[PDB]
>>> print(open('model-v9.cif').read())   # mmCIF, C-alpha atoms and all ligand atoms
data_entry
#
loop_
_atom_site.group_PDB
_atom_site.id
_atom_site.type_symbol
_atom_site.label_atom_id
_atom_site.label_comp_id
_atom_site.auth_asym_id
_atom_site.auth_seq_id
_atom_site.Cartn_x
_atom_site.Cartn_y
_atom_site.Cartn_z
ATOM 1 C CA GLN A 1 11.145 22.022 25.924
ATOM 2 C CA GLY A 2 10.238 18.416 26.805
ATOM 3 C CA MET A 3 11.601 14.891 26.487
ATOM 4 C CA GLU A 4 9.829 12.302 24.349
ATOM 5 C CA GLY A 5 10.274 9.495 26.885
ATOM 6 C CA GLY A 7 12.501 4.550 23.651
ATOM 7 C CA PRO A 8 14.936 5.342 20.830
ATOM 8 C CA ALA A 9 14.621 2.155 18.752
ATOM 9 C CA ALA A 10 13.001 4.047 15.873
ATOM 10 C CA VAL A 11 15.978 6.435 15.697
ATOM 11 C CA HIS A 12 18.194 3.632 14.350
ATOM 12 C CA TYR A 13 15.597 1.745 12.298
ATOM 13 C CA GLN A 14 17.096 0.065 9.223
ATOM 14 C CA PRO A 15 14.920 -0.182 6.087
ATOM 15 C CA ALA A 16 13.426 -3.555 5.163
ATOM 16 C CA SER A 17 13.644 -2.725 1.450
ATOM 17 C CA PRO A 18 16.430 -1.917 -0.969
ATOM 18 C CA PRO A 19 16.776 1.831 -1.554
ATOM 19 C CA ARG A 20 13.866 3.265 -3.518
ATOM 20 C CA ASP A 21 15.857 3.274 -6.781
ATOM 21 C CA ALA A 22 16.692 -0.449 -6.512
ATOM 22 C CA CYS A 23 13.176 -1.746 -5.860
ATOM 23 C CA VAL A 24 11.068 -3.582 -8.424
ATOM 24 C CA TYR A 25 8.648 -0.915 -9.643
ATOM 25 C CA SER A 26 6.109 -0.217 -12.390
ATOM 26 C CA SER A 27 3.914 2.889 -12.406
ATOM 27 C CA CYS A 28 0.205 2.100 -11.858
ATOM 28 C CA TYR A 29 0.893 -1.439 -10.529
ATOM 29 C CA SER A 30 1.321 -0.609 -6.834
ATOM 30 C CA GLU A 31 -0.351 -3.898 -5.834
ATOM 31 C CA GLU A 32 2.498 -5.752 -7.564
ATOM 32 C CA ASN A 33 5.206 -3.344 -6.400
ATOM 33 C CA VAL A 34 4.149 -4.104 -2.820
ATOM 34 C CA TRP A 35 3.924 -7.852 -3.553
ATOM 35 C CA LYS A 36 7.543 -7.684 -4.754
ATOM 36 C CA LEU A 37 8.599 -5.859 -1.570
ATOM 37 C CA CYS A 38 6.993 -8.685 0.422
ATOM 38 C CA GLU A 39 8.865 -11.268 -1.677
ATOM 39 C CA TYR A 40 12.160 -9.452 -1.085
ATOM 40 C CA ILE A 41 11.624 -9.401 2.680
ATOM 41 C CA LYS A 42 10.652 -13.086 2.728
ATOM 42 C CA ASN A 43 13.759 -14.141 0.794
ATOM 43 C CA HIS A 44 16.222 -12.072 2.839
ATOM 44 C CA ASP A 45 17.378 -12.516 6.428
ATOM 45 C CA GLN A 46 16.651 -9.090 7.945
ATOM 46 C CA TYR A 47 12.999 -9.157 9.067
ATOM 47 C CA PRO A 48 10.092 -11.606 9.323
ATOM 48 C CA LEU A 49 7.097 -11.206 7.037
ATOM 49 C CA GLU A 50 4.895 -11.621 10.120
ATOM 50 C CA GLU A 51 5.788 -7.995 10.998
ATOM 51 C CA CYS A 52 4.613 -6.666 7.616
ATOM 52 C CA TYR A 53 1.285 -5.922 5.927
ATOM 53 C CA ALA A 54 0.066 -5.011 2.475
ATOM 54 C CA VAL A 55 -2.282 -2.021 2.778
ATOM 55 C CA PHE A 56 -4.890 -1.321 0.076
ATOM 56 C CA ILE A 57 -6.375 2.190 0.226
ATOM 57 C CA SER A 58 -9.693 2.788 -1.560
ATOM 58 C CA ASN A 59 -13.391 3.469 -1.045
ATOM 59 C CA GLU A 60 -16.743 2.450 -2.489
ATOM 60 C CA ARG A 61 -16.617 4.964 -5.354
ATOM 61 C CA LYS A 62 -12.927 4.192 -6.060
ATOM 62 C CA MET A 63 -11.821 7.835 -5.822
ATOM 63 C CA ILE A 64 -9.341 8.489 -2.998
ATOM 64 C CA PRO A 65 -7.185 11.629 -2.718
ATOM 65 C CA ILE A 66 -3.573 11.070 -1.660
ATOM 66 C CA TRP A 67 -1.142 13.959 -1.148
ATOM 67 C CA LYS A 68 2.666 13.946 -1.494
ATOM 68 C CA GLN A 69 2.458 11.721 -4.580
ATOM 69 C CA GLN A 70 5.183 11.750 -7.227
ATOM 70 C CA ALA A 71 2.670 11.895 -10.106
ATOM 71 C CA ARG A 72 1.599 15.403 -8.986
ATOM 72 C CA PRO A 73 4.415 17.405 -7.399
ATOM 73 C CA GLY A 74 2.988 20.292 -5.422
ATOM 74 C CA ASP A 75 0.414 20.607 -2.671
ATOM 75 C CA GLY A 76 -2.549 18.981 -4.438
ATOM 76 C CA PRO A 77 -3.665 15.349 -4.367
ATOM 77 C CA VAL A 78 -3.633 12.540 -6.869
ATOM 78 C CA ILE A 79 -7.096 10.964 -6.998
ATOM 79 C CA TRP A 80 -6.521 7.216 -7.322
ATOM 80 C CA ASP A 81 -9.018 4.429 -7.808
ATOM 81 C CA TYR A 82 -6.918 2.556 -5.209
ATOM 82 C CA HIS A 83 -3.323 2.650 -3.998
ATOM 83 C CA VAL A 84 -1.209 0.003 -2.214
ATOM 84 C CA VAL A 85 1.606 0.522 0.308
ATOM 85 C CA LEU A 86 3.636 -1.707 2.631
ATOM 86 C CA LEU A 87 3.446 -1.286 6.411
ATOM 87 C CA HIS A 88 6.181 -2.628 8.713
ATOM 88 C CA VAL A 89 5.509 -2.795 12.453
ATOM 89 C CA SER A 90 9.059 -2.706 13.787
ATOM 90 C CA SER A 91 9.971 -4.756 16.853
ATOM 91 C CA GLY A 92 10.307 -1.575 18.918
ATOM 92 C CA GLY A 93 6.661 -0.743 18.130
ATOM 93 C CA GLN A 94 7.013 2.091 15.610
ATOM 94 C CA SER A 95 5.257 1.540 12.283
ATOM 95 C CA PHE A 96 6.797 2.579 8.952
ATOM 96 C CA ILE A 97 5.137 3.020 5.535
ATOM 97 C CA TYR A 98 6.938 2.016 2.314
ATOM 98 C CA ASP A 99 5.270 3.853 -0.594
ATOM 99 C CA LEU A 100 7.302 3.702 -3.805
ATOM 100 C CA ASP A 101 5.096 6.496 -5.202
ATOM 101 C CA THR A 102 5.420 9.035 -2.358
ATOM 102 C CA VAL A 103 7.681 12.094 -2.329
ATOM 103 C CA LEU A 104 7.982 11.604 1.437
ATOM 104 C CA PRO A 105 10.919 9.515 2.721
ATOM 105 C CA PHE A 106 11.085 5.832 1.790
ATOM 106 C CA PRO A 107 10.382 4.472 4.330
ATOM 107 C CA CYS A 108 8.354 7.067 6.242
ATOM 108 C CA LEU A 109 7.266 7.125 9.883
ATOM 109 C CA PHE A 110 3.603 6.130 10.122
ATOM 110 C CA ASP A 111 2.403 9.327 11.795
ATOM 111 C CA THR A 112 4.004 11.550 9.152
ATOM 112 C CA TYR A 113 2.546 9.483 6.323
ATOM 113 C CA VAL A 114 -0.966 9.646 7.781
ATOM 114 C CA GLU A 115 -0.683 13.366 8.561
ATOM 115 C CA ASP A 116 0.971 14.561 5.317
ATOM 116 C CA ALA A 117 -0.041 12.045 2.620
ATOM 117 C CA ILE A 118 -3.479 10.975 3.873
ATOM 118 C CA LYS A 119 -4.477 14.079 5.893
ATOM 119 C CA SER A 120 -7.612 14.357 7.986
ATOM 120 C CA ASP A 121 -10.901 13.219 6.501
ATOM 121 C CA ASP A 122 -12.853 15.700 8.623
ATOM 122 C CA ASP A 123 -13.240 18.429 5.958
ATOM 123 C CA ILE A 124 -13.305 15.974 3.030
ATOM 124 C CA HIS A 125 -16.730 15.247 1.585
ATOM 125 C CA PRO A 126 -17.572 11.877 3.206
ATOM 126 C CA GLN A 127 -17.821 9.826 -0.016
ATOM 127 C CA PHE A 128 -14.125 10.550 -0.738
ATOM 128 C CA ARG A 129 -12.952 9.294 2.665
ATOM 129 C CA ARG A 130 -10.189 6.687 2.716
ATOM 130 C CA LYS A 131 -10.568 3.095 3.892
ATOM 131 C CA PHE A 132 -7.707 0.635 4.451
ATOM 132 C CA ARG A 133 -7.634 -3.117 3.831
ATOM 133 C CA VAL A 134 -4.733 -4.541 5.839
ATOM 134 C CA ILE A 135 -3.489 -8.031 4.882
ATOM 135 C CA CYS A 136 -0.595 -9.756 6.599
ATOM 136 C CA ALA A 137 2.261 -10.087 4.133
ATOM 137 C CA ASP A 138 2.332 -13.903 4.336
ATOM 138 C CA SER A 139 -1.353 -14.077 3.440
ATOM 139 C CA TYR A 140 -0.767 -11.544 0.641
ATOM 140 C CA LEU A 141 1.967 -13.680 -0.912
ATOM 141 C CA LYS A 142 -0.133 -16.821 -0.484
ATOM 142 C CA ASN A 143 -3.418 -15.520 -1.895
ATOM 143 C CA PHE A 144 -2.937 -12.545 -4.235
ATOM 144 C CA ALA A 145 -3.435 -13.097 -7.962
ATOM 145 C CA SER A 146 -3.737 -10.639 -10.838
ATOM 146 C CA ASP A 147 -3.998 -11.350 -14.548
ATOM 147 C CA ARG A 148 -3.658 -7.589 -15.251
ATOM 148 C CA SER A 149 -6.944 -7.647 -17.205
ATOM 149 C CA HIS A 150 -7.987 -4.384 -15.512
ATOM 150 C CA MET A 151 -5.019 -2.675 -17.223
ATOM 151 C CA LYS A 152 -6.107 -3.493 -20.797
ATOM 152 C CA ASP A 153 -8.772 -1.633 -22.728
ATOM 153 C CA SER A 154 -11.480 -3.370 -24.746
ATOM 154 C CA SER A 155 -9.036 -3.794 -27.661
ATOM 155 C CA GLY A 156 -6.454 -5.549 -25.485
ATOM 156 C CA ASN A 157 -4.157 -2.500 -25.438
ATOM 157 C CA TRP A 158 -2.165 -1.805 -22.277
ATOM 158 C CA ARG A 159 -3.283 1.299 -20.390
ATOM 159 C CA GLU A 160 0.186 1.520 -18.794
ATOM 160 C CA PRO A 161 3.252 -0.604 -19.626
ATOM 161 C CA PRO A 162 3.151 -3.917 -17.759
ATOM 162 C CA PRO A 163 5.773 -5.024 -15.228
ATOM 163 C CA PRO A 164 8.605 -7.020 -16.824
ATOM 164 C CA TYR A 165 7.698 -10.430 -15.353
ATOM 165 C CA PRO A 166 4.755 -12.833 -15.754
ATOM 166 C CA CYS A 167 1.469 -12.353 -13.929
ATOM 167 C CA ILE A 168 1.298 -13.347 -10.266
ATOM 168 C CA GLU A 169 -0.977 -16.366 -9.836
ATOM 169 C CA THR A 170 -1.745 -19.064 -7.275
ATOM 170 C CA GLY A 171 -3.195 -22.553 -7.350
ATOM 171 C CA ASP A 172 -6.556 -21.115 -6.268
ATOM 172 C CA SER A 173 -6.862 -18.144 -8.631
ATOM 173 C CA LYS A 174 -5.564 -16.270 -11.664
ATOM 174 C CA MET A 175 -7.378 -13.025 -10.761
ATOM 175 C CA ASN A 176 -8.785 -11.801 -7.448
ATOM 176 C CA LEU A 177 -7.508 -8.191 -7.411
ATOM 177 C CA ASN A 178 -11.018 -6.808 -6.956
ATOM 178 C CA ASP A 179 -11.286 -8.702 -3.644
ATOM 179 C CA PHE A 180 -8.382 -6.565 -2.361
ATOM 180 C CA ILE A 181 -9.558 -3.248 -3.853
ATOM 181 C CA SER A 182 -12.992 -3.804 -2.329
ATOM 182 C CA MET A 183 -13.507 -2.315 1.121
ATOM 183 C CA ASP A 184 -16.399 -4.702 1.850
ATOM 184 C CA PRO A 185 -15.476 -6.948 4.818
ATOM 185 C CA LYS A 186 -17.512 -9.824 3.303
ATOM 186 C CA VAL A 187 -14.893 -10.084 0.538
ATOM 187 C CA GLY A 188 -11.231 -11.080 0.472
ATOM 188 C CA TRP A 189 -8.607 -11.369 3.200
ATOM 189 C CA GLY A 190 -7.361 -9.258 6.089
ATOM 190 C CA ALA A 191 -9.284 -6.525 7.901
ATOM 191 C CA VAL A 192 -10.984 -3.359 6.641
ATOM 192 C CA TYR A 193 -10.448 -0.177 8.686
ATOM 193 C CA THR A 194 -11.653 3.383 8.600
ATOM 194 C CA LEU A 195 -8.927 5.998 8.874
ATOM 195 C CA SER A 196 -9.474 6.326 12.621
ATOM 196 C CA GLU A 197 -9.410 2.549 13.093
ATOM 197 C CA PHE A 198 -6.232 2.296 10.988
ATOM 198 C CA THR A 199 -4.472 4.979 13.040
ATOM 199 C CA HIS A 200 -5.671 3.492 16.332
ATOM 200 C CA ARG A 201 -4.211 0.096 15.408
ATOM 201 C CA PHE A 202 -0.820 1.163 14.024
ATOM 202 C CA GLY A 203 -0.205 4.656 15.398
ATOM 203 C CA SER A 204 1.949 5.597 18.366
HETATM 204 MG MG MG A 301 7.150 16.546 23.877
#
>>> encode(input="model-v9.cif", output="structure tokens")
Amino acid sequence: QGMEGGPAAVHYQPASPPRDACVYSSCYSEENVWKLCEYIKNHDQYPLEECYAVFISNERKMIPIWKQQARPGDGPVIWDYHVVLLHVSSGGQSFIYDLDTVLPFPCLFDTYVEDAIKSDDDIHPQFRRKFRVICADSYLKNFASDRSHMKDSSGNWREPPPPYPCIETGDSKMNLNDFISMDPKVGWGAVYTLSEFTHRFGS
């Protein structure tokens, strides 16, 4: 028996609506997270400065993620990329908001990294996960997607689009690949290995 030695995380209140009430389209996690950022900005509970959009991917665009709703069970979904929201609460504890996880929404950072990401030590190195972390304000200011990656060569939708017009800015109509890329020479934010990501946001 031993004491943990503060309790702020025990009473943490979610920054999102309940999972069921969030804006959500399958296979558009970049936009689902953008909409979570917009919700937080427009409400009076938390500052966006405490929040980050997190792109997960790698050079070959094949990342395993466990505890995903698309594949109930103990196996992974292999995504090209996946996007989650990270909130660094004022007490210091980080929380992950993944609308596609079977884990709690939100989920303590350590449990998400241990159960959804898992160690990369026994994974063949080219499948290892990298993390592009963009402050939520910068994400809202700079992200743009014309959804052209979700249409085949005939213009047919690979998955049904979200029910609102494409997110664009004055600078761009499409820069999604600059967020999926894990090359630091591209895009916004910071690119981290798994160990760097856990060092920065873990407890
Ligand atoms: Mg202990």
>>> resolve_selection(input="model-v9.cif", expression="the PyMOL selection byres (((not hetatm)) within 7 of (chain A and resi 301))", output="PyMOL selection string")
chain A and resi 2-4
>>> resolve_selection(input="model-v9.cif", expression="the PyMOL selection byres (((chain A and resi 24) around 12) and not hetatm)", output="PDB file with C-alpha atoms, keeping the file's coordinate frame")
ATOM      1  CA  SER A  17      13.644  -2.725   1.450  1.00  0.00           C
ATOM      2  CA  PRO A  18      16.430  -1.917  -0.969  1.00  0.00           C
ATOM      3  CA  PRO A  19      16.776   1.831  -1.554  1.00  0.00           C
ATOM      4  CA  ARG A  20      13.866   3.265  -3.518  1.00  0.00           C
ATOM      5  CA  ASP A  21      15.857   3.274  -6.781  1.00  0.00           C
ATOM      6  CA  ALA A  22      16.692  -0.449  -6.512  1.00  0.00           C
ATOM      7  CA  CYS A  23      13.176  -1.746  -5.860  1.00  0.00           C
ATOM      8  CA  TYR A  25       8.648  -0.915  -9.643  1.00  0.00           C
ATOM      9  CA  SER A  26       6.109  -0.217 -12.390  1.00  0.00           C
ATOM     10  CA  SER A  27       3.914   2.889 -12.406  1.00  0.00           C
ATOM     11  CA  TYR A  29       0.893  -1.439 -10.529  1.00  0.00           C
ATOM     12  CA  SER A  30       1.321  -0.609  -6.834  1.00  0.00           C
ATOM     13  CA  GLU A  31      -0.351  -3.898  -5.834  1.00  0.00           C
ATOM     14  CA  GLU A  32       2.498  -5.752  -7.564  1.00  0.00           C
ATOM     15  CA  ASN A  33       5.206  -3.344  -6.400  1.00  0.00           C
ATOM     16  CA  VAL A  34       4.149  -4.104  -2.820  1.00  0.00           C
ATOM     17  CA  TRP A  35       3.924  -7.852  -3.553  1.00  0.00           C
ATOM     18  CA  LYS A  36       7.543  -7.684  -4.754  1.00  0.00           C
ATOM     19  CA  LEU A  37       8.599  -5.859  -1.570  1.00  0.00           C
ATOM     20  CA  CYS A  38       6.993  -8.685   0.422  1.00  0.00           C
ATOM     21  CA  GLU A  39       8.865 -11.268  -1.677  1.00  0.00           C
ATOM     22  CA  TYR A  40      12.160  -9.452  -1.085  1.00  0.00           C
ATOM     23  CA  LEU A 100       7.302   3.702  -3.805  1.00  0.00           C
ATOM     24  CA  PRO A 163       5.773  -5.024 -15.228  1.00  0.00           C
ATOM     25  CA  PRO A 164       8.605  -7.020 -16.824  1.00  0.00           C
ATOM     26  CA  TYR A 165       7.698 -10.430 -15.353  1.00  0.00           C
TER      27      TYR A 165
END
>>> resolve_selection(input="model-v9.cif", expression="the PyMOL selection byres (((chain A and resi 178) around 12) and not hetatm)", output="PyMOL selection string")
chain A and resi 31+56+58+60+62+81-82+133+144-150+174-177+179-184+187-189
>>> write_last_selection(input="model-v9.cif", atoms="C-alpha atoms", output="mmCIF file, in the coordinates of the input")
data_model
loop_
_atom_site.group_PDB
_atom_site.id
_atom_site.type_symbol
_atom_site.label_atom_id
_atom_site.label_comp_id
_atom_site.auth_asym_id
_atom_site.auth_seq_id
_atom_site.Cartn_x
_atom_site.Cartn_y
_atom_site.Cartn_z
ATOM 1 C CA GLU A 31 -0.351 -3.898 -5.834
ATOM 2 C CA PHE A 56 -4.890 -1.321 0.076
ATOM 3 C CA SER A 58 -9.693 2.788 -1.560
ATOM 4 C CA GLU A 60 -16.743 2.450 -2.489
ATOM 5 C CA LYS A 62 -12.927 4.192 -6.060
ATOM 6 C CA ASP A 81 -9.018 4.429 -7.808
ATOM 7 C CA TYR A 82 -6.918 2.556 -5.209
ATOM 8 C CA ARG A 133 -7.634 -3.117 3.831
ATOM 9 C CA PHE A 144 -2.937 -12.545 -4.235
ATOM 10 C CA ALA A 145 -3.435 -13.097 -7.962
ATOM 11 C CA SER A 146 -3.737 -10.639 -10.838
ATOM 12 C CA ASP A 147 -3.998 -11.350 -14.548
ATOM 13 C CA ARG A 148 -3.658 -7.589 -15.251
ATOM 14 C CA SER A 149 -6.944 -7.647 -17.205
ATOM 15 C CA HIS A 150 -7.987 -4.384 -15.512
ATOM 16 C CA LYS A 174 -5.564 -16.270 -11.664
ATOM 17 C CA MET A 175 -7.378 -13.025 -10.761
ATOM 18 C CA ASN A 176 -8.785 -11.801 -7.448
ATOM 19 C CA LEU A 177 -7.508 -8.191 -7.411
ATOM 20 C CA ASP A 179 -11.286 -8.702 -3.644
ATOM 21 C CA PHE A 180 -8.382 -6.565 -2.361
ATOM 22 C CA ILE A 181 -9.558 -3.248 -3.853
ATOM 23 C CA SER A 182 -12.992 -3.804 -2.329
ATOM 24 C CA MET A 183 -13.507 -2.315 1.121
ATOM 25 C CA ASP A 184 -16.399 -4.702 1.850
ATOM 26 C CA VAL A 187 -14.893 -10.084 0.538
ATOM 27 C CA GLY A 188 -11.231 -11.080 0.472
ATOM 28 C CA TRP A 189 -8.607 -11.369 3.200
#
>>> residues_around(input="model-v9.cif", residues="residue 75 of chain A", least_positions_apart="5", cutoff="12 Å", atoms="all atoms listed in the file", output="PyMOL selection string")
chain A and resi 65-70+103+116-117+119
>>> atom_distance(input="model-v9.cif", atom1="atom CA of residue 200 of chain A", atom2="atom CA of residue 48 of chain A")
22.9 Å
>>> atom_distance(input="model-v9.cif", atom1="atom CA of residue 137 of chain A", atom2="atom CA of residue 52 of chain A")
5.4 Å
>>> residues_around(input="model-v9.cif", residues="residue 59 of chain A", least_positions_apart="2", cutoff="7 Å", atoms="all atoms listed in the file", output="PyMOL selection string")
chain A and resi 61-64+129-131+183
>>> atom_distance(input="model-v9.cif", atom1="atom CA of residue 202 of chain A", atom2="atom CA of residue 107 of chain A")
15.2 Å
>>> axis_aligned_box(input="model-v9.cif", around="segment 136-155 of chain A", padding_each_side="6 Å", output="lines of an AutoDock Vina configuration file")
center_x = -4.6
center_y = -9.2
center_z = -10.5
size_x = 25.8
size_y = 27.2
size_z = 46.3
>>> closest_residue(input="model-v9.cif", among="A:14, A:157, A:196, A:143", to="residue 88 of chain A", atoms="only C-alpha atoms")
A:14
>>> residues_around(input="model-v9.cif", residues="residue 191 of chain A", least_positions_apart="4", cutoff="9 Å", atoms="only C-alpha atoms", output="PyMOL selection string")
chain A and resi 132-135+185
>>> closest_residue(input="model-v9.cif", among="A:41, A:159, A:96, A:126", to="residue 55 of chain A", atoms="only C-alpha atoms")
A:96
>>> closest_residue(input="model-v9.cif", among="A:168, A:15, A:93, A:199", to="residue 105 of chain A", atoms="all atoms listed in the file")
A:15
>>> closest_residue(input="model-v9.cif", among="A:94, A:13, A:71, A:28", to="residue 158 of chain A", atoms="only C-alpha atoms")
A:28
>>> residues_around(input="model-v9.cif", residues="residue 108 of chain A", least_positions_apart="4", cutoff="8 Å", atoms="all atoms listed in the file", output="PDB file with C-alpha atoms, keeping the file's coordinate frame")
ATOM      1  CA  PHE A  96       6.797   2.579   8.952  1.00  0.00           C
ATOM      2  CA  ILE A  97       5.137   3.020   5.535  1.00  0.00           C
ATOM      3  CA  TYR A  98       6.938   2.016   2.314  1.00  0.00           C
ATOM      4  CA  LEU A 104       7.982  11.604   1.437  1.00  0.00           C
ATOM      5  CA  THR A 112       4.004  11.550   9.152  1.00  0.00           C
ATOM      6  CA  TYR A 113       2.546   9.483   6.323  1.00  0.00           C
TER       7      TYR A 113
END
